[PDB]
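Okay, here we've got a single chain as structure tokens, the form deposited in one PDB entry, with questions on binding and movement later.
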């Protein structure tokens, strides 16, 4: 999955194979290689340092210095350390009879695409989604979600220019009651950078609509920095979970591996292609396996 990191890790481990017992010196050399692989993958410096302290402690706790096949102990502890950095176990959204979600984040992060993906995901699970196109600034934004809605077979309500947050609410709540739409997915405005006025508008919108979940959508190819906006969003709006997009173009994985530490939020979904089908519920253990070469 994260080819640069994946190859560096597997290499550092494969270097130990078939050489018998290792000394403490050998073990420290491998931990350094692991640390550099994480630093070059743009992993948060604190996450990387904790990762390797955890690999050390765990591997010594399994008597790696007495193992005749220490590569296998290192492989297992690296797996476990990847899993826990990614969040340990899956924490997926629990839906109720009526649900309203926001997708928030910077322009270009994958919000509109992710909205349509979620509508498709849940449509197939028996839900009746409604996309709400509430981004009025982005050129053709409403037409874009309108078209994606046609593609996935899901209705799209478009907010009008200047519409107030209470008018949006009434119109969305009306459309969802009349048509029995039990998952409302709201695609929101966003710029290339944190914009304070616009954050104010978003906060006001959140207060009025009262979403059950607020998904912060993050382009995984910007690495660590993708995560710099997380506190800003959370302090103003109240983020409940993350979507990490464009993992299919991400060679490093720094944002994914750093997300839990930096943001304290669970990863809900991964975006793995530009198609509406390109959406995976997020399981730390699957990605952990994938990074070390599984599948």
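Positions refer to the first chain, counted from 1. Rigid core here is just the name for the largest C-alpha set that superposes within 1.5 Å across the two forms.
In what follows, reference is made to the form deposited in another entry, a form of this protein that is not presented.
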**Q.** Rigid-core fit between the shown form and the other one, the member of 124, 139, 153, 210 whose C-alpha shifts 2 angstroms or more
**A.** 139
**Q.** Pair residue 139/residue 174, Cα separation in that other deposited form versus the displayed form, closer or farther by 3 angstroms or more
**A.** closer
Q. Given that the CA-CA distance for residue 221 and residue 138 shifts by 3 Å or more in that other deposited form, does it become closer or farther?
A. farther
